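What follows is a single chain, given as structure tokens, in the form deposited without the RNA.
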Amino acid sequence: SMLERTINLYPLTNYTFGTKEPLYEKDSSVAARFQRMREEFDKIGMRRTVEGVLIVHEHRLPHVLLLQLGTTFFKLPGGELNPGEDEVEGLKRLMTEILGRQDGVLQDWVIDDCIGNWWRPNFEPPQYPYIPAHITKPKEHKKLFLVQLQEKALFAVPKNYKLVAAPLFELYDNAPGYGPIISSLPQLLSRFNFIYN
């Protein structure tokens, strides 16, 4: 009856958060964001994005690491794949670009579990955990993965972002605060057997 995946969690104090240069968004506004999505869709079709869920604990309470753009939006570490790029190799590349060290030592990213899929039917904000009715050409497909951290690590956070450890209760039923993907992480993580090391 042990059908659950077992995942090792480590204290937040096991991890060192250094700083490095700002990492600027491609798009300077929502309007530019949807213009670029439309231009690239006509060239190379559906956008493929990947996002990593990194979990720690303090005193046996799990927390998800989120990246806050100044004091505005909360984001998962991740981003856009290149055409023909493998999903796992691409998430590892993107997580190195975002949290990789100034001294250029490699993190050992371990990615073994898909935890969800979201689809964007139009060049507009709405996203769903399925392809909606009558939609033959979705504009974006987003894939979420659970990233198993090592016991200790040094991460370099771009100076324009703050790394924040969010407890699950703060995410739960808070789409206004976090939107529909991050707010449903508590439900998506409930199947795992966490070990509090």
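Residue positions are given as counts along the sequence shown, with the first one as 1. We call the rigid core whatever largest set of C-alpha positions still superposes within 1.5 Å between the two forms. Shifts are known only where both forms have a C-alpha.
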* To do: Select between 22-30 and 144-152 the stretch whose C-alpha atoms have the higher average B-factor in the entry.
  => 22-30
* Asked: Per the entry, where is the mean C-alpha temperature factor higher: 181-189 or 11-19?
  -> 11-19
* **Identity of residue with top Cα B-factor, from 48, 162, 36, 57** => 162
* To do: Report the option among 117, 82, 71, 127 whose CA atom has the maximum B-factor in the deposited record.
  => 71
* Structure fact -> So, residue 75's CA B-factor, relative to its chain, sits in which third? The middle
* To do: Would you mind ranking residue 113 by its C-alpha B-factor against the rest of the chain and naming the third, lowest, middle or highest?
  => middle
* CA B-factor ranking of residue 52, expressed as a third of its chain -> lowest
* For residue 88, return the chain-relative third of its C-alpha B-factor as stated in the PDB record: lowest, middle or highest. => lowest
* Asked: If you rank the chain by CA B-factor, which third does residue 94 end up in: lowest, middle or highest?
  -> lowest
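The same protein has a further form, the form deposited with the RNA bound, not shown here; the description that follows concerns it.
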* Asked: Can residue 69 be called a contact residue for the RNA in the deposited bound form at 4.5 Å between heavy atoms?
  -> yes
* To do: Determine whether any heavy atom of residue 9 comes within 4.5 Å of a heavy atom of the RNA in the deposited bound form, and answer yes or no.
  => no
* Asked: Would residue 17 show up as a contact with the RNA in the deposited bound form if we use heavy atoms at 4.5 Å?
  -> no
* Distance check, residue 83 to the RNA in the deposited bound form, heavy atom within 4.5 Å -> no
* To do: Using heavy atoms and a 4.5 Å cut-off, decide whether 131, 135 and 138 all contact the RNA in the deposited bound form.
  => no
* Of these, 25-33, 146-154, 165-173, 52-60, which stretch puts a heavy atom within 4.5 angstroms of the RNA in the deposited bound form? -> 25-33
* To do: Heavy atoms within 4.5 Å of the RNA in the deposited bound form is the criterion; list the residues of 171-185 that meet it.
  => 175, 176, 177, 178, 179, 180, 182
* Structure fact -> Counting only common residues, the segments between the shown form and the other one where three or more consecutive C-alphas all move by 2 Å or more on the rigid core are 70-72
